[PDB]
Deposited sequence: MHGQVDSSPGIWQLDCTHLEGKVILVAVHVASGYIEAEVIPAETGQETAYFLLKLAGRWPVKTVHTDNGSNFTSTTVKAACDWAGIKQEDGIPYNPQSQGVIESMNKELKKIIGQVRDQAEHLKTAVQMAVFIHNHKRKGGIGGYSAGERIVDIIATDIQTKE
């Protein structure tokens, strides 16, 4: 399960936030896009797969994933498509920083920073970002 991601959309202030969660770590990647289109979905997936070893993405089965451009990007990147706890939290963190920035895009990326750096537990814990890299590094044997 080092290659398993879950992708969802959240609609806010009339734009769309594409959120990808690495299911094993809780690590998040997100973008704000003007609209939930095939072109934007494909691009997002391609960016993700170039940065992390993406095997399988679980989606909501919306029309943006049925696109010939998404199928092509998935074939090219070797991504297989199939088919909240962390997504609900991301919405909460976006509210807590919302006032610190003019644009929603900024607030979103500040929330991704906060989420991925935040140590869970006491001294001896890990962040989501530590967890993804430890998991992947461990798998490289």
Where does the structure fail to cover the deposited sequence at the C-alpha level? 1-7, 91-102, 161-163
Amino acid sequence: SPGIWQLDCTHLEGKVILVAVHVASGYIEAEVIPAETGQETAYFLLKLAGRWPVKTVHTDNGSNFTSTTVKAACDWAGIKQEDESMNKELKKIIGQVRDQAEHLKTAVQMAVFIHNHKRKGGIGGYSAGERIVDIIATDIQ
From here on, numbers count along this sequence of modelled residues.
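Rigid core here is just the name for the largest C-alpha set that superposes within 1.5 Å across the two forms.
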Give, as the answer, the stretch of 85-93 and 56-64 that departs more from the shown form in 4 other deposited structures of this protein; the measure is RMS Cα distance after a core fit. 85-93
Could you say which moves further from this form in 4 other deposited structures of this protein, stretch 113-121 or stretch 126-134, by root mean square CA distance after aligning on the core? 113-121
Could you check which stretch, 94-102 or 61-69, carries the larger mean CA temperature factor in the entry? 94-102
As stated in the PDB record, which stretch has the larger average Cα B-factor, 123-131 or 16-24? 16-24
Largest Cα B-factor, entry values, listed residues 36, 82, 75, 29: 82
Say you rank 112, 86, 45, 54 by Cα B-factor from the PDB entry; which sits at the top? 86
